[PDB]
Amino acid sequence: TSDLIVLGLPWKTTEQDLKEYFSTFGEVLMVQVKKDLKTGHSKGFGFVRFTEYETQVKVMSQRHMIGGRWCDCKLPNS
């Protein structure tokens, strides 16, 4: 139901790469990685929106290895 955030994301990692990973847990609507609009390099974190609530907690209920680094899905601070 809510937009999740992911911390610890490697720098080279991209949006497509996440879809590959989170699409293993369930219905992914969108993903957006945060970058500098001058370089396009990733801040090391992004967001992710699922369709089902089951798949969201499952993801928020654990840590995730991504690009060779562990990342934690948390509830944000809109």
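For every residue, the number given is its place in the sequence shown, counted from 1.
Thinking about Cα B factors across the chain, which third does residue 11 belong to?
Its C-alpha B-factor belongs to the highest third of this chain's values.
Ranked against its chain, the third holding the CA B-factor of residue 28
Middle third by C-alpha B-factor.
Chain-relative CA temperature factor third for residue 47:
Middle third - that is where residue 47 ends up once the chain's C-alpha B-factors are sorted.
Within this chain, which third does the Cα B-factor at residue 60 fall in: lowest, middle or highest?
For residue 60, whose C-alpha B-factor we compare with every modelled residue in the chain, the answer is the highest third.
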